[PDB]
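This report refers to the structure that appears directly beneath it.
Residues: numbered from 1 along the sequence shown.
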Amino acid sequence: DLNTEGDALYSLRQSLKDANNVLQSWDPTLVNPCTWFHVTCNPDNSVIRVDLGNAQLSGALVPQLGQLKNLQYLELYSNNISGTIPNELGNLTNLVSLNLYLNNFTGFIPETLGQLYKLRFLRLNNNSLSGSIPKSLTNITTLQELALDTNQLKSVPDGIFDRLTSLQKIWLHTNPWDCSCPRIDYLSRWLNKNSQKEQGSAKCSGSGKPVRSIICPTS
Ligand SMILES: *[C@@H]1O[C@H](CO)[C@@H](O)[C@H](O)[C@H]1NC(C)=O
């Protein structure tokens, strides 16, 4: 009997590159992947977290990774994972923490990420993600820590942070933010009103000014 979770997890092994045989224990012919290293399962023998931080992994992620229904912690930080973030990651309903920082992800941030209504920690920092931040992120009301620094983000949809009443920390620095008025109006005012939330200082592209300092005139 094929475990389906291990099958989905084996699809990830088939595309990644070790180079260290970190995934040597990932044998899908077993009854379940709960005895796999870097993999924890619940008492119902279902994968609830994947810890592959600092494993020197190359390659791209797979759409099969969204098959893990009971996944809570996806730790893929500190690797050389390239390509775009799969939209199927928005299927991870029970995902609490998505750690994808320190990789080489490109493209846009998936709008399907807003379907993660249990997500409390989202770290996509230190990548090459281009703007802008998905509008559906406003639906993640449980979001507490949002790390998006060190990317290529340019803008923000107006009023996106307003429904985020559980937001504690937010990283936005090191990004080519478009500080042209009236586009930067909302982000400038929000970061000023929630300066205790912003970790580091988001700079404006070109001028290098903190966007919190920008005051857009009307007419
Ligand atoms: C996974 O998400 C994609 C959207 O990116 C969707 O088309 C697909 O049906 C989802 N799969 C499951 C099993 O929910």
[X] with [Y], same ILVMFWY side-chain cluster at under 4.5 Å:
X	Y	result
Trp171	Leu187	no
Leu172	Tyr101	no
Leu61	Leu95	yes
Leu191	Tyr186	yes
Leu16	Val22	yes

Min side-chain heavy-atom separation [X]-[Y] under 4.5 Å:
X	Y	value
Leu124	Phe105	no
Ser11	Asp7	yes
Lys135	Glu111	no
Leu137	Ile109	no
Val39	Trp26	yes
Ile214	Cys204	yes
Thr4	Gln67	no
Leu71	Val47	yes

Flag yes if more than 12 heavy atoms outside [X] fall under 6.0 Å of its [atom1] atom; otherwise flag no.
X	atom1	answer
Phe121	CZ	yes
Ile215	CD1	no
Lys169	NZ	no

[Y] and [X] side chains, donor-acceptor separation under 3.5 Å:
X	Y	result
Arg212	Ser195	no
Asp44	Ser46	no
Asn3	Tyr10	no

Is there a donor-acceptor pair under 3.5 Å between the side chain of [X] and the backbone N or O of [Y]?
X	Y	value
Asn127	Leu100	yes
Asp162	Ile160	no
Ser15	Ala60	yes
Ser132	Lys154	no
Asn139	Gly114	no
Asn151	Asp149	yes
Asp185	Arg183	no
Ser25	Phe37	yes
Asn175	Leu153	yes
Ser205	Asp178	no

Would you sort out whether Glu75 and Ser97 count as a side-chain contact (heavy atoms from CB on, under 4.5 Å), showing the intermediate values? CA-CA 8 Å; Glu75 315 299 304; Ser97 174; 3.6 Å; yes
For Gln144, all residues meeting side-chain hydrogen bond (donor to acceptor under 3.5 Å, both in side chains), sequence neighbours excluded: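 Partners of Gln144 under the side-chain hydrogen bond (donor to acceptor under 3.5 Å, both in side chains) test: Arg120.
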Rounded distance (nearest 0.5 Å) linking atom [atom1] of [X] with atom [atom2] of [Y]:
X	Y	atom1	atom2	result
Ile170	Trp190	CD1	CH2	4.0 Å
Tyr117	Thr141	OH	OG1	11.0 Å
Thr93	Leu68	OG1	CG	12.0 Å
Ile133	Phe161	CD1	CZ	4.5 Å
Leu76	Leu102	CG	CG	12.5 Å
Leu148	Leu122	CG	CG	6.0 Å

Looking only at non-hydrogen atoms, find the nearest pair between [X] and [Y] and report the distance.
X	Y	answer
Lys203	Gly208	CG-O, 3.2 Å
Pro28	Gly6	CB-O, 4.2 Å
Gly90	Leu116	O-CD2, 3.6 Å
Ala19	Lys17	CB-O, 3.6 Å

Walk me through it: do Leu167 and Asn194 pass the test side-chain contact (heavy atoms from CB on, under 4.5 Å)? CA-CA 10 Å; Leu167 183 59; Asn194 302 265; over 6 Å; no
Please identify which of these residues, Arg123, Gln199, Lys197, meets the side-chain hydrogen bond (donor to acceptor under 3.5 Å, both in side chains) condition with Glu145.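 By the side-chain hydrogen bond (donor to acceptor under 3.5 Å, both in side chains) criterion, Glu145 pairs with just one of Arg123, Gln199, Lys197: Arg123.
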Tell me which one of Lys118, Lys69, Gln72 satisfies side-chain hydrogen bond (donor to acceptor under 3.5 Å, both in side chains) with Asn94.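 The side-chain hydrogen bond (donor to acceptor under 3.5 Å, both in side chains) with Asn94 is passed solely by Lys118 among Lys118, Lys69, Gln72.
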Is there a side-chain contact (heavy atoms from CB on, under 4.5 Å) between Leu146 and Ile140 once you walk through the steps? CA-CA 11 Å; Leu146 179 60; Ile140 314 182; over 6 Å; no
In sequence, state the C-alpha distance, the side-chain angles, and the governing distance for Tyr77 and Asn126, and then conclude on side-chain contact (heavy atoms from CB on, under 4.5 Å). CA-CA 10 Å; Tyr77 62 95; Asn126 281 89; over 6 Å; no
